[PDB]
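This report refers to the structure that appears directly beneath it.
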Amino acid sequence: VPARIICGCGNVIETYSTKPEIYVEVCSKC
Amino acid sequence: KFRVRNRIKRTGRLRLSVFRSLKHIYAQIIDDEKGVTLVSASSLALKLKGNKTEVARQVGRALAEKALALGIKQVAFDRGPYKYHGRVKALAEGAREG
Amino acid sequence: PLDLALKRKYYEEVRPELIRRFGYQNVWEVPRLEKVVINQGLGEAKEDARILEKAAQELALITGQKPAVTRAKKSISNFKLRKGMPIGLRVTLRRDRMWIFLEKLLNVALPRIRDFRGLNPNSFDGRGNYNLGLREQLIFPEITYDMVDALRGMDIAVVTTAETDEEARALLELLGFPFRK
Amino acid sequence: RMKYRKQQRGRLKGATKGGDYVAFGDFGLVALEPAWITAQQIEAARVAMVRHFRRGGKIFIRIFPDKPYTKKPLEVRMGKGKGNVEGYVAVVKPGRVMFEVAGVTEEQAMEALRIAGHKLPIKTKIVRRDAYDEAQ
Amino acid sequence: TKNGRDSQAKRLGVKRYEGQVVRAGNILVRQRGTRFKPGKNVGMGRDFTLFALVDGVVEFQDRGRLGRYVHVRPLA
Amino acid sequence: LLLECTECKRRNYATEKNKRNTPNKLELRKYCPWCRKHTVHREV
RNA sequence: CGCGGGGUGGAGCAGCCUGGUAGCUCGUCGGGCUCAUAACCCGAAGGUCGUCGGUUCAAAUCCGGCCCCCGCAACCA
RNA sequence: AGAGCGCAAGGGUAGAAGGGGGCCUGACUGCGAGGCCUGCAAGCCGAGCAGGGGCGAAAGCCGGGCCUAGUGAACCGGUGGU
RNA sequence: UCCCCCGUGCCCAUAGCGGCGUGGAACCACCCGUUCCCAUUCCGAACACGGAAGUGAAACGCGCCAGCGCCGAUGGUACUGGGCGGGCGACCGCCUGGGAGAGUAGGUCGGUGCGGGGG
Ligand SMILES: [Mg+2]
Ligand SMILES: [Mg+2]
Ligand SMILES: [Mg+2]
Ligand SMILES: [Mg+2]
Ligand SMILES: [Mg+2]
Ligand SMILES: [Mg+2]
Ligand SMILES: [Mg+2]
Ligand SMILES: [Mg+2]
Ligand SMILES: [Mg+2]
Ligand SMILES: [Mg+2]
Ligand SMILES: [Mg+2]
Ligand SMILES: [Mg+2]
Ligand SMILES: [Mg+2]
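Residue numbers (the deposited numbering), protein chains in the order written: chain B1, 36 to 65; chain BO, 11 to 108; chain BF, 2 to 182; chain BM, 6 to 141; chain BW, 10 to 85; chain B3, 9 to 52.
Structural data, given as structure tokens:
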């Protein structure tokens, strides 16, 4: 399933992993 | 790798070297202690269509006719580093079914 | 599920770039990613068979694949280990599940790493390959904090058709690898 | 040294491999007869060699003892001898090159090797150098 | 001391030679391991014993990498 | 430990050798008696 | 030299047979009682296991060689 | 091939005898051509045959452990059957 | 009759380590995909299956070079069946027949069967 990384800084990437609702932060966007 | 090959060598006569290509499937009745091929029914490099498996069945039947003609019957098959299951399966499969 | 970012990133970006910095002749000569591997020295989980399953299942999620086991053979008398019993964790991944993992890597794991600085450009095997170490495994996305019974470390690798680390450095940097320059 | 306990007696046939050529230095000392040379005989010649000409050059001892010398404590016939009494020896056969000096004059060497001759059981000869090697 | 010891002689090695007639079953050669390989009409046992399976003459065939083979050419 | 296998519904034995403490309590290996052919043989 | 026994914290002994994991006592050190010391009470430190090589996953431990200690034996002439 | 092949050493061995998984019990009974070794006794090898059974598609292998040590004539008696 | 290939046996390194170059339509490998047969103690990496593009890089096949590996005479020794002599001994020498190892010149990036595809 398309794991949507919802990193709290302005980036939502549609990768692939368990559970799309992947709550992250401080990703590559910032 | 060729353990099996050497096992059959000492076994007796009339080996059946089944060397298959990724698309082709040759087959020769080589007799050791002299090195001479008898019935050499090739596959793609002979005449047959294009369907490795079904092509194998027929090319095997090709050996049977040519072999039963020369008065041979010793089914000294030669896996030739290949697992008996798919293409090589139909080889001795069709050849022995007749 | 043959489709993703890093996927086309290699094709329509790194592929031609490699033809620029060095230039090739055949498409089968250009350095191609094709094998990622993971590993976990689990001399720890020797005593507890339970702690072994935990590391493997946490691993199964992050790798997006199926975990595996590989025990020792010699005998570390010094550390309570011997012939064939203990354990070592490993999981090889390629094709699609390989690209998906590399995505979480430079987009989720690396970022929130403890004061991340980059990846040491010396970690090259000298040839066309690379090996890196990692402590906290919870740095991965799906991994929850209130679940990791232990910060079990682990290190990963990655193979490539490359034969010179210069091609490796170029390839990897184009692949989005933040090397500690 | 190092290997293990005892070794056979063995005979001393032809002066074959027991013989060589001045491989180092300028002068050399050659045996004329076969014999097992004792560790003491070696030390005896060596010390007398350097002691003659003080602060001398370089002395090469090509031979080397390694054969355990067996011997019984003045009794009878129980088992093999304890050996080791005289220590060890070297299968010296005629032609062999025991000693050979270097970086020194001709008189010092001529006298020192002569002296180191008496230290040895075997009647010996002293060879210069020539050029006999192996080349083109 | 404590040394006087030795298992008696097993008397191995080449028993039959090339150019020799043989019956059927004759232990051609006893050996320690594989100092010699079987061959045409030549079987072996647990102790690696070489023995004829047919009637004929003994023959030796060195083959470097493969090894030294021994066989009996049938005739009557 | 010296072992001896018996036959089912009959009276025949056979040479064997079981292990004391070593993982081996019973012996349910098949065998071949004189009467008829092939029948399971217990330790006993 | 032939036979047997043993070298272990500073002293004297255990642990070895049936291998992992150095134990007791006195002494030494710090502290307390006392005017002071001893005794007594509290806590702690200290072993290359004679020496070299070997066997094992691993040797104080098993095996083999050398140095030292102890006990027995060395007779018929 | 300097490792491994349970344990000494040797000869042998990855063109498996070495490491793994599947099924499974030939660690069978009744025999035995012809041999090595040999004073005697004893030891050692064994094709092939029959019954019957395991693995394999099959050619085929299996009459215990890569092998050479792990043992005791006869007498006297024990236990179960015929 | 002759040349390049695919299989497969023989001689058992003069046929390999290697450096370079060549070959792709045909043969061969890699490559596409994983629904079916089947599978990886985890992965279609390999084992297996249905097959279009692309390549000839990998690997393999064919040639070139002697830096390493390898093969290595000729001459003369060492040693020795048999015969004989000298020393006190450690040992040494002669007639006859036999005769390496080492080293030197030198030689080698293979030869050869049968069956099959193409010209
Ligand atoms: Mg003198
Ligand atoms: Mg003391
Ligand atoms: Mg006092
Ligand atoms: Mg006395
Ligand atoms: Mg070995
Ligand atoms: Mg096996
Ligand atoms: Mg086995
Ligand atoms: Mg007899
Ligand atoms: Mg015996
Ligand atoms: Mg039958
Ligand atoms: Mg009696
Ligand atoms: Mg080209
Ligand atoms: Mg030569």
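Note that beta-carbon positions come from the ideal geometry of N, C-alpha and C, so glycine has one too.
Note on geometry: alpha-carbon atoms of residue 51 (chain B3) and residue 26 (chain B3) lie some 9 Å from one another. Nearest to residue 28 (chain BM) by alpha-carbon distance, out of 120 (chain BM), 68 (chain BM) and 73 (chain BM), is 68 (chain BM). Distance from the CA atom of residue 13 (chain BW) to the CA atom of residue 85 (chain BM), rounded to whole angstroms, is 11 Å. Residue 122 (chain BF) and residue 181 (chain BF) do touch by the CB rule: their CB atoms are close to 7 Å apart, below 8 Å.
Proximity to residue 92 (chain BO) across 56 (chain BO), 47 (chain BO) and 29 (chain BO) peaks at 29 (chain BO), based on C-alpha coordinates. Apart from the 5 residues on each side of it in sequence, residue 108 (chain BO) sits with its Cβ closer than 7 Å to the Cβ of 71 and 74 in its chain, given in chain order. Annotated three-state conformation of residue 41 (chain BM) is strand, per DSSP.
For residue 93 (chain BF), the enclosing beta strand (DSSP E) begins and ends at 90–94. At a cut-off of 8 Å, the C-beta of residue 61 (chain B1) has a neighbouring C-beta in chain BF. Contact of residue 119 (chain BF) with chain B1 is not assigned, every C-beta pair being separated by 8 Å or more. When the beta-carbon positions are compared, residue 64 (chain BW) and residue 38 (chain BW) stay at least 8 Å from each other. Boundaries of the alpha helix (DSSP H) harbouring residue 61 (chain BF): 51–64, taken from the DSSP string. With fewer than three CB-CB distances shorter than 8 Å, the stretch 6–13 of chain BM does not count as touching the stretch 80–100 of chain BF. With contacts defined by Cβ atoms closer than 8 Å, residue 118 (chain BM) and residue 46 (chain BM) do not form a contacting pair. Of the candidates 141 (chain BM), 107 (chain BM) and 133 (chain BM), the residue whose Cα lies closest to the Cα of residue 66 (chain BM) is 107 (chain BM). Separation of residue 20 (chain BW) and residue 53 (chain BF) (C-alpha to C-alpha, rounded to the nearest whole angstrom) is 58 Å. Residue 44 (chain BF) and residue 87 (chain BF) do touch by the CB rule: their CB atoms are close to 7 Å apart, below 8 Å.
Contact annotation: in the stretch 90–106 of chain BF, residues whose CB is within less than 9 Å of a CB in chain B1 are 97, 98, 100, 101, 102, 104 and 105.
Residue-level contact check: residue 109 (chain BF) touches chain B1, since one or more beta carbons of chain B1 fall below 8 Å from its beta carbon. Per DSSP, residue 35 (chain BO) is not a residue of any alpha helix (DSSP H), being assigned neither H nor E. In the displayed model, residue 46 (chain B3) falls within coil according to three-state DSSP, outside both helix and strand. When DSSP states are grouped into helix, strand and coil, residue 80 (chain BF) belongs to the helix group. One thing to note: residue 135 (chain BF) has its Cβ no nearer than 8 Å to the Cβ of residue 152 (chain BF). Judged by their CB atoms, residue 157 (chain BF) and residue 38 (chain BF) are nearer to each other than the 8 Å cut-off. At a cut-off of 8 Å between beta carbons, residue 143 (chain BF) contacts chain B1. Distances from the alpha-carbon of residue 130 (chain BM) to those of 19 (chain BM), 137 (chain BM), 102 (chain BM) and 111 (chain BM) put 102 (chain BM) closest. Taking a contact as a CB-CB distance under 8 Å, the pair residue 62 (chain BF) and residue 143 (chain BF) counts as one, their CB atoms being some 5 Å apart. Of all alpha-carbon atoms in 137 (chain BF), 112 (chain BF), 145 (chain BF) and 12 (chain BF), the one lying nearest the alpha-carbon of residue 178 (chain BF) is that of 112 (chain BF).
Where residue 16 (chain BO) is concerned, the enclosing alpha helix (DSSP H) starts and stops at 13–19. 91 (chain BM) is the residue among 62 (chain BM), 63 (chain BM) and 91 (chain BM) whose C-alpha sits nearest the C-alpha of residue 76 (chain BM). What residue 65 (chain BF) touches in chain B1, judged by beta-carbon distance under 8 Å, is 51, 52 and 53, going in chain order.
Residue 173 (chain BF) has a beta carbon lying at 8 Å or more from every beta carbon in chain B1.
The stretch 21–41 of chain BM and the stretch 165–173 of chain BF do not touch, with fewer than 3 CB-CB distances between them shorter than 8 Å. Here the alpha carbon of residue 150 (chain BF) sits roughly 29 Å from the alpha carbon of residue 49 (chain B1). At a beta-carbon threshold of 9 Å, the residues of chain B1 lying near residue 5 (chain BF) are 49, 50 and 51, ordered along the chain.
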